[PDB]
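Trainee: If you count by the entry's author numbering, then the sequence shown holds residues 3 to 70, one letter each, in order.
Sharing a structure below in C-alpha coordinates format, with a few things to ask.
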Amino acid sequence: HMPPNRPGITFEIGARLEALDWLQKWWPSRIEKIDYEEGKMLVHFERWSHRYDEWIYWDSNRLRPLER
(Lines of atoms letter the chains of each structure in order from A and count residues from 1; the text may use other names and numbers.)
(Lines give C-alpha, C1' and ligand atoms only; values in the text may rest on other atoms or scores of the structure.)
Protein backbone atom coordinates (compact mmCIF):
# COMPACT_ATOMS: atom_id res chain seq x y z
CA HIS A 1 0.00 0.00 0.00
CA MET A 2 0.93 3.68 -0.32
CA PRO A 3 0.66 5.95 2.74
CA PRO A 4 -2.19 8.49 2.75
CA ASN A 5 -1.72 12.18 1.99
CA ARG A 6 -2.02 13.90 5.37
CA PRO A 7 -0.74 17.50 5.30
CA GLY A 8 2.13 18.20 7.66
CA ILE A 9 3.02 14.50 8.07
CA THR A 10 5.84 12.74 6.23
CA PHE A 11 5.49 8.96 6.46
CA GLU A 12 9.19 8.17 6.82
CA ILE A 13 11.32 6.53 9.49
CA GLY A 14 12.73 9.24 11.74
CA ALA A 15 9.96 11.71 10.87
CA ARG A 16 8.35 13.54 13.76
CA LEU A 17 4.68 14.29 14.33
CA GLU A 18 2.30 14.40 17.27
CA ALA A 19 0.59 11.29 18.62
CA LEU A 20 -1.98 10.70 21.35
CA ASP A 21 -0.32 8.59 24.04
CA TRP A 22 -1.59 5.92 26.43
CA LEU A 23 -2.87 8.64 28.81
CA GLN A 24 -4.75 10.46 25.99
CA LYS A 25 -2.23 13.33 25.86
CA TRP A 26 -0.88 14.82 22.62
CA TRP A 27 2.92 15.08 22.42
CA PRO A 28 5.68 14.94 19.78
CA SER A 29 6.33 11.43 18.48
CA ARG A 30 8.65 9.75 15.99
CA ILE A 31 8.13 7.04 13.37
CA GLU A 32 10.28 3.98 14.13
CA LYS A 33 9.19 1.57 11.39
CA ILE A 34 6.63 1.42 8.59
CA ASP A 35 4.74 -1.73 7.58
CA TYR A 36 3.50 -0.98 4.06
CA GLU A 37 1.80 -4.39 3.86
CA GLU A 38 -0.59 -3.64 6.74
CA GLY A 39 -0.51 0.16 6.44
CA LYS A 40 0.71 0.77 9.99
CA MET A 41 3.69 2.43 11.65
CA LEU A 42 5.62 1.82 14.85
CA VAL A 43 5.25 5.10 16.76
CA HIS A 44 7.58 6.23 19.54
CA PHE A 45 5.90 8.61 22.01
CA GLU A 46 8.72 10.96 22.92
CA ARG A 47 7.44 11.62 26.43
CA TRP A 48 7.72 7.89 27.12
CA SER A 49 10.18 5.03 27.26
CA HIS A 50 10.28 2.88 24.12
CA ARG A 51 8.43 0.19 26.09
CA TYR A 52 5.41 2.30 25.05
CA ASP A 53 6.13 2.21 21.30
CA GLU A 54 2.92 1.18 19.56
CA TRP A 55 1.81 0.05 16.10
CA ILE A 56 -0.65 2.64 14.76
CA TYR A 57 -2.53 2.39 11.48
CA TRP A 58 -1.49 5.32 9.39
CA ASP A 59 -5.06 6.64 8.97
CA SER A 60 -5.50 6.82 12.75
CA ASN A 61 -6.82 10.01 14.32
CA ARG A 62 -4.24 9.47 17.09
CA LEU A 63 -1.74 11.07 14.67
CA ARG A 64 -1.56 14.74 13.70
CA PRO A 65 1.09 17.14 12.37
CA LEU A 66 3.77 18.33 14.76
CA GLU A 67 2.87 21.64 16.43
CA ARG A 68 4.43 24.64 14.70
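Note that beta-carbon positions come from the ideal geometry of N, C-alpha and C, so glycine has one too.
(1) Which term fits residue 60, buried or exposed, when burial requires 16 or more other beta carbons within 10 angstroms of its beta carbon?
(2) Using 10 angstroms around the beta-carbon of residue 11, count the other beta-carbons present and answer buried if the total reaches 16, otherwise exposed.
(3) What first and last residue would you give for the beta strand (DSSP E) that runs through residue 46?
(4) How many whole angstroms separate the CB atoms of residue 23 and residue 53, which I take to be in contact at a CB cut-off of 8 Å?
(5) Whose C-beta lies closer than 6 Å to the C-beta of residue 5 among residues of the same chain, with five residues either side of it excluded?
Mentor: Considering the structure as presented:
(1) Working through the sequence shown from its first residue, we reach residue 60 at position 58. By the neighbour-count rule (16 or more Cβ atoms within 10 Å), residue 60 is buried.
(2) Residue mapping note: residue 11 aligns to position 9 of the sequence shown, counting from 1. Looking at its Cβ environment, which holds 16 or more other Cβ atoms inside 10 Å, residue 11 is buried.
(3) In the sequence shown, residue 46 corresponds to position 44, counting from 1. Its beta strand (DSSP E) spans residues 42-47.
(4) Residue 23 sits at position 21 when you count from the first residue of the sequence shown. Residue 53 sits at position 51 when you count from the first residue of the sequence shown. The pair is not a contact, with the Cβ atoms about 12 Å apart (cut-off 8 Å).
(5) Locating residue 5 in the sequence shown gives position 3, counting from the first residue. These residues qualify, in order along the chain: 13 and 60.
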